[PDB]
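Only one chain is included here, represented as structure tokens and corresponding to the form deposited in one PDB entry.
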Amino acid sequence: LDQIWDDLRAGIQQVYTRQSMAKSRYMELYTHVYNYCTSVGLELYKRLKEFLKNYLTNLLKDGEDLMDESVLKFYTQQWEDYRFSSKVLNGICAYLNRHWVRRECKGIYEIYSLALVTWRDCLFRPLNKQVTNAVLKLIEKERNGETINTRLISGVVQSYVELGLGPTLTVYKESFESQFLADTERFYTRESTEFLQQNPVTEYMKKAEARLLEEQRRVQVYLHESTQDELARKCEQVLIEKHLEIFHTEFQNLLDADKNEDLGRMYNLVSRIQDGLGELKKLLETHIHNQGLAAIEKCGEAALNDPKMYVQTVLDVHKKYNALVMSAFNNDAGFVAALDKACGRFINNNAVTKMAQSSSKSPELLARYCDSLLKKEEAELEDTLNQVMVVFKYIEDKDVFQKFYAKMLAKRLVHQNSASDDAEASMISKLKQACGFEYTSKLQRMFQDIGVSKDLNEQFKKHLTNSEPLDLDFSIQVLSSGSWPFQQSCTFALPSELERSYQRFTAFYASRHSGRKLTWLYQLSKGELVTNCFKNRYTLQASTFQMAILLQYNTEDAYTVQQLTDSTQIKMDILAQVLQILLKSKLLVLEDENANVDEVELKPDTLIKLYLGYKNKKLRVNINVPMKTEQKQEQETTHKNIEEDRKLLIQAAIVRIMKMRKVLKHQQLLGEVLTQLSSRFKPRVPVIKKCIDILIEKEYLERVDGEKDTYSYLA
């Protein structure tokens, strides 16, 4: 019992210094525990327990006064050793572990657990209030840029973990982690509030990103996995979210000034706080919105009559913040939403719509712009075209865009300044997809006729070859009255030099289509005139009307405004406007010389005389140009027209709806009406009411007696 306790202790002591052992000697000690056990299983124990307590206690003297990277170098170098030595002791003490108690009935032995336990009674000595501080100081060092030996920290923590009763973390937390994080909260709390007071936010953002990253390796490399998602939470907590109103106010400037790579960063940073990315979206919507209203504001009046300016301004706005939402805000749907909402808001209600007193001005402009683009290069057009379809998406009064687009496309197919039939087609393809089909088809019918009219002409061209030619080069366009916006008009005495082309064709068309009949549109038909009476002789493009007049100057030379309004039988209200062009052009002069003609009160009395001589330096002058008020008159008119169709469209809906419900309640119906009409426009409620009314008068609906605000369909 003591005959062994001595040599066994000899070995124990050798095993605890680090003197290599002999395979035989390891076993000798094993043997001693074997015999001491297979003879007391608490005597050998306590004696081992003593040897340990009276080993560590002594060791402590070697560090009691060590203090910085030294208790660290000390405590760790001592731990690594004590561990292995005990692993070996635990090895010899097999029989003390196993018979003397319970086995076979996990890396927990008691003899080793006996070693761990006594040492933690070495941990309370230096560590708790020291070896831990030395660590926090060293970590602080590395955080201030000081390259450090991380193994002085690893060793410590790994110890703590194991000195627990991997799963047990009390000691770790209680004697280190808790203080670690606390120190971290303050360290970063202090670094941030000081950097911000001394640096531009764009720079604090760069740093915070960095620190966060640094603190990552600072756990993966020398801390326990346990403290991972907490050091992270805490760091973001102090590095990112107590600085959100600072981040917020700056979010602005980072937009007020197009410095958008930082926006990406702020994004990636707030993208770390729960719901933190919310207020960013709000601020953006508001921003891009005001940003849009401003753009338009600064275009003043021009914008009101410059479609390119207008559409290009909106386009510029959107195109900026889109590619901005793509990179910077990682194409986040939540953000795409802000942009959309903002664009939808300003595109429909802005400075132009305001002064025009109607949101419908935007859609018309968009439509006009399209027209400009399709009149007489590729990348821009197909793209520009494509951008147009983007804007459209946001327009709410879409029927308006549609009416104008057709109204203007039509004035094109006929007369002039249409680009390649390609863009034209390509733009149809684009509408086929956004716009409906009833719409797309309506347009198709227009193209059909033009083609049909084309072939029709090639027929007549022959009919003339096959007989008596005409006194001029004639061509016509027969358009189905129903499919075109055109309206015949201004009464008109047709000059003689044409009458042959007229009858000659009329007869022909009548021979081609028996059941049909033609109604000629002079306000929309032109021709080429030749001048064999001036210094130089030229060909001038001229509206029929203009020709109807000029041709009169083939007899006398002056004609009172009345002498004309009588002859050509072309209307004064309008006949006057034409003359003004003819004057400003310079083929007519009133009487006097000074030309304040641009703004005169040409009364019936006033004379209009042919001017002989001088003329355009060129040989082909196009005297046919828009009467000024002409456009403003067509515009206001097509709107007026849209006002009508709207009510008619509304009722159509009211009906088919009440026709497939037999009874509905006021609201019920209004909701329906909207749902359908939504893709085209937003029927003002008072109007659907004034509509449901007229249907009651037209006897398509009747109120449900014994139930006001409920309607029944009257078959």
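Rigid core: the largest C-alpha set superposing within 1.5 Å between the two forms. The numbering used is simple: start at 1 and walk along the sequence shown.
Not on display, but discussed next: the form deposited in another entry.
In a core superposition between this form and the one not shown, the Cα of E245 is the only one among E245, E458, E599, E301 shifting by 2 Å or more. Annotation: Cα of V530 displaced by less than 2 Å between this form and the one not shown, core superposition. Once both forms are overlaid on the rigid core, the distance between the two CA positions of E230 between this form and the one not shown is 2 angstroms or more.
Annotation for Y369: C-alpha shift under 2 angstroms between this form and the one not shown, rigid core superposed.
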